[PDB]
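All remarks here apply to the structure that follows.
Naming follows writing order (A, B, C, D, E, F and G), and every chain is counted from residue 1.
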């Protein structure tokens, strides 16, 4: 399920994201030895945290947003969040004729584009596999012919089976709405709803 | 179904020879998590995990460097709860010239 | 030793070990039987290597 | 003391960020002793395959 | 009993919500798995929470208000409130001849108007069964002629017995006060009671 | 690896420290005797701490910056930084033909330029040995012809082996991030990432 | 040496199904204390200690109760210092522990 944004629903301009906050949550056990050497240990997973802020909402905008959020809480679905700043179209073509060799469980994807894709991905972009909902950021990219060497920040959450297909454009965050236990919005005497905030967390 | 060993006749160096891969269509029953194939030369079985759900869509597992000679493969599906399927057996003799695919269609 | 098998194997092993002050421990799956002895090759630990 | 591989010591000394994981191999009960099963678990963020398990 | 408001007592326009906060309170057993998956189990019942803020109240209006509140505290019954933003009379007609077939549990509900009601209840509006005092919130609507399919955010607390009648207008929340223990009112030198507010909470 | 900055990437002038806080962190066993005497024992190693604050970063500059930071977090190496206020090239020449006699421990150090260097390193400037990555701070200087006597605030971590070469220019701190666990970036409606800051900390 | 498996047609040990037996010749290197064998699908390798008389007569270990199908047996030895021989593999198919009568009708 997609969170309402002024792409799909421009008739409600108040539903735009006044300010997004992409939080990098990678819990680690960091210990500082007296000999000056700082040591880290990583066990848990990394999850992208998204915080959405909203302006004053008119009754119709709030009605639409609240209906969507209540539909989410009713069906127990997953809110999809689209960040416009990450929607630069660089890689274009078909992602079905590209092959990803299997057995890749590290933090690096080696894929043979088979010359079917034009353009090259840029470092810091958003990358995602077609068979897993986790979202990756490209930290480095070296192309030697048709084989690409894409480096990802989160260690690969799945081991490639050889059937996965890279996804570069149209990437959505399969988030789950936090702070929904006590979710409310105050209606002022002037008819507009205020104090609406969405603390979302990537529940892959 | 369709446990078919698809061999690659590519001329590879003698020291390490890339044996062709093998394919087997996903089990019809849902709630299958991975696929454990026994191997002649390896005690441990190769495992391929089916996270997605793509019926009628083939899957591939490849073996490289195995010694030339007789090979026997036994593949079994595994349930999310822990059940294991009946074995699927396929024995193929490994040789560079013996590396020719089955007649198709 | 007279190992009265009526008693638990735990008790018998403890009784044997208490005779010569030895100790048995299993960490990492290896059963170590060791006694308090002087060694000419200890592991060098420095206070800096230690935590605070 | 339990000695460890030389490569293990080299990796531990050289690398400061260790990505550890505990691979629980728990036994599972069954009515008849002729049936045995195991449930495998880990706290790592992704399933870990060791010895084809 | 009924909480006084300009609809019941028009002679006191000082009564009436300066701002109302309709919070959603669904307790949940949320657990953040190490693999990134978030698992939440719903066990405790959900309850709407209403935070009412009053404007400057003159002495007579506050006398009426606190008289009613103290009668509430005395007789110990429940305190009904009527949110006015949800009072858009979008469904005309009399709902006695509307039958809800028995044996229905969950969010979905099916009711047959038998060609009596005029008007379509859009998403975001309130809904309440005749017998049970719980107040739901319509999240999606779909009608095939006379039969109406309504999806409600909180699951039906009680299974329909075939006699419950829909209530699309005049919905009252059966609430309980949460500020009773220490409830003070300040009188200014201007002659008005300032900062009167209520923290209500739906019971059952 | 190298932290991006306008010297390495002049095309991104948004990178570059809006304000840098170079803190001194020497843990000490301080004890306040009842007679008025204060006794402090130095045991734990000292480490410079660097707090970097960035100005308004545009989306492409932040993409480059967080791509580099995520590559840091991925490959797990150290993150070198170059403070520009200490980049006053006060010592010309090539320091390969400069010998530091072996067997020297403590703050004092003696090095023979053999008539190669031109320029006097005044007090307050940085100093770093070729082999060890520790960064010192010159507190006093005194030269008798070619031989230079330099006093450093932190005692020499390793005793000179007769091959260490002085590094009076281009000194990089081998640091580690301390904000990695929860590192979020907010995007404004103006189109800039605001309040990006780093709490670095020298490792070893 | 001689790491071979000979099936047992009729097998019973304490009234339970017995499969064939697998045998091997002791390593020529001295000071070997036991011969460890790894069995596919089993956590615990089968270990049989040698004997002072082994230098002459090869030892044998019996496998009982396993189902009909493929088994991968890996044989390697140890030294009192922990030194280990290179593993010896034997990929074979196993008969049922107790050949059961077919369904009457």
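To be clear about the criterion, a contact is a pair of C-beta atoms (placed from the backbone, for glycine too) under 8 Å apart; a residue touches a chain by one contact, two chains touch by 3 or more.
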{"item": "Farthest chain (mean CA position) relative to chain E", "value": "G"}
{"item": "Fitted rotation between chain E and its twin chain F in degrees, CA, nearest 5", "value": "120"}
{"item": "Whole-Å separation of chain centres (CA-atom averages), chain D against chain G", "value": "27"}
{"item": "Distance from the mean Cα position of chain G to that of chain A, given in whole angstrom", "value": "53"}
{"item": "Rounded Å distance, chain D centre to chain F centre (Cα mean)", "value": "40"}
{"item": "Chain centre separation (chain E, chain G; CA means) in Å", "value": "75"}
{"item": "Junction residues of chain E, two or more chains touched", "value": "34-36"}
{"item": "Numbers and ranges of chain G residues touching at least 2 other chains", "value": "none"}
{"item": "In the complex with chain D, residue positions of chain A that touch it", "value": "28, 37-46, 105, 155-159"}
{"item": "In the complex, chain A residues that touch chain B", "value": "102, 131-132, 158-159, 161-163"}
{"item": "In the complex, chain D residues that touch chain F", "value": "15-17"}
{"item": "Complex contact set, residues of chain A against chain F", "value": "18-28, 30, 34-38, 49, 51, 85, 107, 122-125, 137-140, 151-153, 155"}
{"item": "Parts of chain D lying in touch with chain C, wherever the complex brings them together", "value": "1-2"}
